[PDB]
Trainee: 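The following block contains the structure, expressed as structure tokens.
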Amino acid sequence: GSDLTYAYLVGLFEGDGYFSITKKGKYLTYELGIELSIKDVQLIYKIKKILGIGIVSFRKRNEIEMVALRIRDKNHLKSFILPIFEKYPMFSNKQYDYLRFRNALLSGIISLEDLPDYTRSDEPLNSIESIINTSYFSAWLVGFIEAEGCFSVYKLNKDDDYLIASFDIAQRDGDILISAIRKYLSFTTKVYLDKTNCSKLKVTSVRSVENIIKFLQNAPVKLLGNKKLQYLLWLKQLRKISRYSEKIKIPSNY
DNA sequence: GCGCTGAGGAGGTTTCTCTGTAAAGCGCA
DNA sequence: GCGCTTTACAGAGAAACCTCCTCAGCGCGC
Ligand SMILES: [Mg+2]
Ligand SMILES: [Mg+2]
Ligand SMILES: [Mg+2]
């Protein structure tokens, strides 16, 4: 779909993918990969359908089932992948990976010896304002949600029937990123920093739940895979929790 | 024959997802 | 000292992420 479905794909690749250059005996593998749960096989084929390229693979890691999409053909990466990531840049320090990948690829580095040593900085490239004000952000955000968002419902206490209903999203070395999301979506809950510099944003209130629901109705593109399914079953649950349904215009198709 | 390729395959570590627990603010009594 | 509702904090492990190898086969020219 859309031109901004490509922006959605960069968000999804930012959340769940990886750029990598790996030794291959005497030479190199340049790759862009995403490996998802088998719950997401249909989305893997929607991604290949959008890009027109990429090898699909299955893995059983002995009881967890996994699907990958991997682009390794260097002419295809130069032609089709870099431009997407030029036109719609990643917002986080995963941009450092695209920049080293792009520089290596375009310089024609083919041996480990000529490959510059890479350590990905923890320091952000953008500000809140710079993230929030770019034209493609909301479309990026649907894919980043596709990758990293969580919609859940849970009992507040074992003994009662009081249900919570939360949306939560996290990123390591992601103060700015996550705060930008908080800002844009008018969330006011405190971002939590854990032992491993992973910033975590979680919301529960009626108004915040009303805010993400409204953002995803009005966003340029929609959720496509298993998060889309998680989104609909959450909504299902939401229609039967009084505080939410008697204050939110919930449903739709999608 | 030779330099180099990527599909197909797989070993290794950890960031997110998902679901809370404990504590409390609001308002009413 | 109680319904209802929200939030600061955080743990487990599945779902992400990161890394390397073999071997047909290609596109040249000795
Ligand atoms: Mg991620
Ligand atoms: Mg992730
Ligand atoms: Mg994910």
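Scope of the values below: all heavy atoms of this structure, side chains included, with no hydrogens, waters or symmetry mates. Below, chain A is the first sequence line, B the second, and so on; all start at residue 1.
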Trainee: For the pair made of CG in A:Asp168 and P in C:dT6, what is the distance, rounded to whole Å?
Mentor: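 After rounding, the gap between these two atoms is 17 Å.
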Trainee: Whole Å only: how far is the CZ atom of A:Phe144 from the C1' atom of C:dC17?
Mentor: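 Computing the A:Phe144:CZ to C:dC17:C1' distance gives 14 Å.
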Trainee: Does B:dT5 have its OP1 or OP2 closer than 4.0 Å to a side-chain nitrogen or oxygen of A:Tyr27?
Mentor: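 It does not, given that no N or O in the side chain of A:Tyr27 lies less than 4.0 Å from OP1 or OP2 of B:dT5.
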Trainee: Under 4.0 angstrom, heavy atoms only, what part of the nucleic acid is A:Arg172 near: base, sugar-phosphate, or nothing?
Mentor: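 Touches sugar-phosphate only.
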Trainee: What contact category does A:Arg120 fall into here, base, sugar-phosphate, or nothing, at under 4.0 angstrom with non-hydrogen atoms?
Mentor: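 Since only primed, P, OP1 and OP2 atoms lie under 4.0 Å of A:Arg120, the category is sugar-phosphate.
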Trainee: Touch check for A:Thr189, heavy atoms < 4.0 angstrom, all strands: base, sugar-phosphate only, or nothing?
Mentor: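 Touches sugar-phosphate only.
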Trainee: Please work out if A:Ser20 contacts a base, only the sugar-phosphate, or nothing of the nucleic acid, heavy-atom cut-off 4.0 Å.
Mentor: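 Base contact.
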Trainee: Distance criterion of 3.5 Å, no angle test: do you see the side chain of A:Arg61 paired donor-to-acceptor with the base of C:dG13?
Mentor: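 No.
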Trainee: Would you state whether a donor and an acceptor, one from the side chain of A:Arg70 and one from the base of B:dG6, lie under 3.5 Å apart?
Mentor: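 No, the side chain and the base share no sub-3.5 Å donor-acceptor pair.
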Trainee: Reckon A:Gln171 touches a base, only the sugar-phosphate, or nothing at all at heavy-atom distances under 4.0 Å?
Mentor: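 If one applies the 4.0 Å heavy-atom cut-off, A:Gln171 turns out to touch the sugar-phosphate alone, with no base involved.
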Trainee: Just the rounded figure in Å: distance from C1' of B:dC18 to CZ of A:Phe167.
Mentor: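 Distance check: A:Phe167 CZ to B:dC18 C1' gives 13 Å.
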Trainee: Would A:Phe91 and A:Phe137 count as a close aromatic pair, with their ring centres under 6.0 Å?
Mentor: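 Centroid distance A:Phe91-A:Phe137: below 6.0 Å, so yes.
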Trainee: Would you kindly give the NE2-to-P distance between A:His76 and B:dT5, to the nearest whole Å?
Mentor: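 These atoms are roughly 15 Å apart.
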Trainee: More 5' along DNA chain B: A:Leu156 or A:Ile71, using each one's nearest nucleotide?
Mentor: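 First, find each residue's nearest nucleotide; the 5'-ward one identifies A:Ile71.
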Trainee: Mind checking A:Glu35 for me? I need base, sugar-phosphate or nothing, with any heavy atom below 4.0 Å counting as a touch.
Mentor: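 A:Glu35: base contact, heavy atoms under 4.0 Å.
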Trainee: For A:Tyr118 and A:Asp97, does a side-chain donor sit closer than 3.5 Å to a side-chain acceptor?
Mentor: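 Side-chain D/A pair, A:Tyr118 to A:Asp97: present.
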Trainee: Of A:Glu14 and A:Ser152, whose closest DNA chain B nucleotide lies nearer the 5' terminus?
Mentor: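 Whichever sits nearer the 5' end wins; that is A:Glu14.
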Trainee: Let's test this: given Watson-Crick or G-U wobble pairing with both distances under 3.5 Å, identify the partner of C:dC23.
Mentor: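 In the structure as shown, C:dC23 has B:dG6 as its Watson-Crick or wobble partner.
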Trainee: More 5' along DNA chain C: A:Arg243 or A:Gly17, using each one's nearest nucleotide?
Mentor: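 The residue whose closest nucleotide sits nearer the 5' end is A:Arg243.
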Trainee: Any donor-acceptor pair under 3.5 Å linking the side-chain atoms of A:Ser92 with those of A:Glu14?
Mentor: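 Yes, because at least one side-chain N or O of A:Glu14 sits under 3.5 Å from a partner of the opposite role on A:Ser92.
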Trainee: Classify the side chain of A:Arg59 versus the base of B:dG8 as yes if they form a donor-acceptor pair under 3.5 Å and no if they do not.
Mentor: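 Under the 3.5 Å cut-off, the side chain and the base do not form any donor-acceptor pair.
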Trainee: Identify whether any heavy atom of A:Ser57 sits under 4.0 Å from a base atom; if not, whether one sits that close to sugar-phosphate; answer base, sugar-phosphate or nothing.
Mentor: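 A:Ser57: no heavy atom of the nucleic acid under 4.0 Å.
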Trainee: Taking any heavy-atom pair under 4.0 Å as a contact, classify A:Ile169: base, sugar-phosphate, or nothing.
Mentor: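 A:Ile169: no heavy atom of the nucleic acid under 4.0 Å.
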Trainee: Would you tell me if any nitrogen or oxygen in the side chain of A:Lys195 comes within less than 4.0 Å of OP1 or OP2 on C:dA10?
Mentor: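 Checking A:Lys195 against C:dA10: no side-chain N or O falls below 4.0 Å of OP1 or OP2.
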Trainee: Rounded to whole angstrom units, what separation is found between the CG atom of A:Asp73 and the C1' atom of C:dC26?
Mentor: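 Interatomic distance, CG of A:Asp73 to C1' of C:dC26: 13 Å.
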Trainee: For A:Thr22, answer base if it contacts any base atom (sugar-phosphate contacts may also be present), sugar-phosphate if it contacts only those atoms, and nothing otherwise; contact means non-hydrogen atoms under 4.0 Å.
Mentor: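 Base, at least one base heavy atom under 4.0 Å.
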Trainee: Contact class for A:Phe151 (heavy atom, under 4.0 Å): base, sugar-phosphate, or nothing?
Mentor: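 A:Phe151: no heavy atom of the nucleic acid under 4.0 Å.
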Trainee: Taking the six-membered ring for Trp, are A:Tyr8 and A:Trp140 ring centroids under 6.0 Å apart?
Mentor: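 Not close enough - the centres of the two rings lie 6.0 Å or further apart.
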Trainee: Any base atoms under 4.0 Å from A:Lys94, or only sugar-phosphate, or nothing? Heavy atoms, all strands.
Mentor: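 Sugar-phosphate, no base atom in range.
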Trainee: Sign of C1'-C2'-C3'-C4' decides it: give me the sugar pucker of B:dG20, north or south.
Mentor: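 A north sugar, the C1'-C2'-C3'-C4' torsion of B:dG20 being greater than zero.
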Trainee: Mind calculating the distance between NZ (A:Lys158) and P (B:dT21) to the nearest angstrom?
Mentor: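 The distance from NZ of A:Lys158 to P of B:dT21 comes to 7 Å, rounded to the nearest Å.
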Trainee: Any luck finding a side-chain donor-acceptor pair between A:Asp175 and A:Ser179 under 3.5 Å?
Mentor: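 Side chains of A:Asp175 and A:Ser179: pair found under 3.5 Å.
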Trainee: From CG of A:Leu201 over to P of C:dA10, roughly how many Å is that when rounded to an integer?
Mentor: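 So the two atoms are 17 Å apart, to the nearest Å.
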Trainee: At less than 4.0 Å, is any side-chain N or O atom of A:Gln230 found next to OP1 or OP2 of B:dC18? Yes or no.
Mentor: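 So the side-chain polar atoms of A:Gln230 do come within 4.0 Å of the phosphate oxygens OP1 or OP2 of B:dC18, strictly under.
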Trainee: For A:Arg243 and A:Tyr162, which I'm curious about, is there any donor-acceptor pair between the side chains at under 3.5 Å?
Mentor: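 The answer is yes; a qualifying pair exists.
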Trainee: Distance check: side-chain N/O of A:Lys202 vs OP1/OP2 of C:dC9, anything under 4.0 Å?
Mentor: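 So the side chain of A:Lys202 is outside the cut-off, no N or O lying under 4.0 Å from OP1 or OP2 of C:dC9.
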Trainee: Using 30° and 60° as the class limits, which term best fits the ring planes of A:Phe13 and A:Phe85: parallel, tilted or perpendicular?
Mentor: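 Taking A:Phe85 first and then A:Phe13, their aromatic rings stand perpendicular (interplane angle over 60°).
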Trainee: Using only heavy-atom distances, determine whether the side chains of A:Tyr244 and A:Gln237 contain a donor-acceptor pair under 3.5 Å.
Mentor: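 Absent: no donor and acceptor within the cut-off.
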Trainee: Quick check on C:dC9: is either OP1 or OP2 less than 4.0 Å from any side-chain nitrogen or oxygen of A:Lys190?
Mentor: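 Looking at the OP1 and OP2 atoms of C:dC9, one of them is under 4.0 Å from a side-chain N or O of A:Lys190.
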Trainee: Heavy atoms under 4.0 Å, any strand shown: does A:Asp16 hit a base, just sugar-phosphate, or nothing?
Mentor: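 Sugar-phosphate, no base atom in range.
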Trainee: What nucleotide among B:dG8, B:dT5, B:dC18 has an atom nearest to a side-chain atom of A:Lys74?
Mentor: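 My answer, after comparing the listed nucleotides, is B:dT5.
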Trainee: Using a 4.0 Å heavy-atom cut-off, does A:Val203 contact any base of the nucleic acid, only the sugar-phosphate backbone, or nothing at all?
Mentor: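 The answer is nothing, as A:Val203 stays clear of every strand by at least 4.0 Å.
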Trainee: What I want to find out is whether A:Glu129 reaches A:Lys183 closely enough, with some N-O distance under 4.0 Å, to be called a salt bridge.
Mentor: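 Between A:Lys183 and A:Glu129 there is a salt bridge, with a charged N closer than 4.0 Å to a carboxylate O.
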Trainee: Could you work out which one of B:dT15, C:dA16, B:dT19 sits closest to the side chain of A:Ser166?
Mentor: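 Minimum distance to the A:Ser166 side chain belongs to B:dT19.
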Trainee: Across all strands shown, which nucleotide pairs with C:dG29 by Watson-Crick or G-U wobble geometry, both distances under 3.5 Å?
Mentor: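 Because no pair has both required distances under 3.5 Å, C:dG29 counts as unpaired.
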Trainee: For A:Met66 and B:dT15, give me the distance from atom CE to atom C1', rounded to whole Å.
Mentor: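 For the pair A:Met66 CE and B:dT15 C1', the rounded distance is 12 Å.
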Trainee: Looking across every strand, which nucleic acid part, if any, lies under 4.0 Å from A:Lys200 by heavy atom: base, sugar-phosphate, or nothing?
Mentor: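 Base contact.
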Trainee: Taking donor-acceptor contacts at under 3.5 Å, does the side chain of A:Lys24 reach the base of B:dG3?
Mentor: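 For A:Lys24, whose side chain was compared with the base of B:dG3, there is no donor-acceptor pair (under 3.5 Å).
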Trainee: So, is A:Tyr192 close to the C:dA10 phosphate, meaning a side-chain N or O under 4.0 Å from OP1 or OP2?
Mentor: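 Yes.
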Trainee: Pairing check on C:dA8: which nucleotide meets the Watson-Crick or G-U wobble criteria with it, both distances under 3.5 Å?
Mentor: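 C:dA8 is paired with B:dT21.
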Trainee: Can you tell me if the side-chain N/O atoms of A:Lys227 get under 4.0 Å from OP1 or OP2 in B:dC18?
Mentor: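 For B:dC18, OP1 or OP2 has a side-chain N or O of A:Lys227 closer than 4.0 Å.
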